[PDB]
Ligand SMILES: [Zn+2]
């Protein structure tokens, strides 16, 4: 699977038939159709004690891993039940500033999209959480091109060391609080992972308010390679999935 002409999104269903399931992600957020639900609680992010371990190039994106052995970095509140622990964050970007995000707002595409993945501690581990409907909670954050994001520089600076597929680097004392928008107003809906095995275990929480990153920041993203070291160079760009059918599901807004 990949994002090329022969292994792209349109071909995933052959290996992962759930690709055409009933609660696939990402989706287009039609803001006029979204239902304002007064019964939603504010999001509750506790990241002061988060512990990053390292960053890696898995050949389809770059992930920053976190130590989820204890409730150090957790999400609760909102449309959620119980505690969800931060395990990793993944990014998705395009070849141009005009595309990159997975989720779209009234068909508008942002330059990139950041996903903060959390699992339900009721299930004991991440492997068990993905076999459940309320197993995961992903906080989606859009990135628009404008001013630099001070908080993101530490990640940009380390990308050189994880250029190719399989490379990994020690990445400690990285505080994710640096990537949060000012407002925590959100959209919520039941969906799935955006990449295979595309399991329908996710409660999506998409922030209304996007973060701005400089052009030279996102430019460094586009220097990553899909390929392994010693192979033909294939740039990691356009690692995003096209919006999937809503199909009955409803998008609720906390605002
Ligand atoms: Zn992602």
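What whole-number value in cubic angstrom gives the convex hull volume per residue for the C-alpha atoms of segment 99-222?
138 Å³
Can you give the Rg and Dmax of the chain based on its C-alpha atoms, in angstrom?
17.2, 55
Per 0.36 nm of contour for each residue apart, how much would the distance between residue 44 and residue 11 grow if the chain were fully extended, relative to their Cα-Cα spacing?
Full-extension gain reported as 8.1 nm.
Roughly what would the spin-label model give for residue 108 and residue 53, points 7 Å off Cα along C-beta, in nm?
3.8 nm
Taking only the alpha-carbon positions of segment 1-75 and ignoring solvent, what does the Debye formula give for the base-10 log of I(q)/I(0) at q = 0.23 Å⁻¹?
-1.01
Say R0 is 45 Å: what FRET efficiency, to the nearest 0.05, do residue 69 and residue 32 get from their beta-carbon distance?
For residue 69 and residue 32, the calculated efficiency is 0.55.
Using 0.36 nm per residue, how much length does the chain from residue 214 to residue 121 gain when fully extended, once their Cα-Cα distance is taken away?
29.9 nm
At 7 Å along Cα-to-Cβ for each site, give me the label-to-label distance between residue 250 and residue 223 in nm.
4.8 nm
To make sure I understand, if each residue's beta carbon is the centre and we count other beta carbons within 10 Å, what order do 95, 101 fall in, fewest to most?
95, 101
Could you give the spread of the C-alpha atoms of segment 152-255 along their three principal axes, from largest to smallest, in whole angstroms?
Cα spread of segment 152-255 along its principal axes, largest to smallest: 47, 31, 25 Å.
Evaluate the relative contact order of the chain (contact order divided by residue number), counting alpha-carbon pairs under 8 angstrom at least 6 apart; express in whole percent.
After rounding, I find 26 percent.
Every number here is computed from the coordinates shown, using simple stated rules; none is lab data. Positions of Cβ are backbone-derived with ideal geometry, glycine not excepted, and every protein chain shown enters the neighbour counts.
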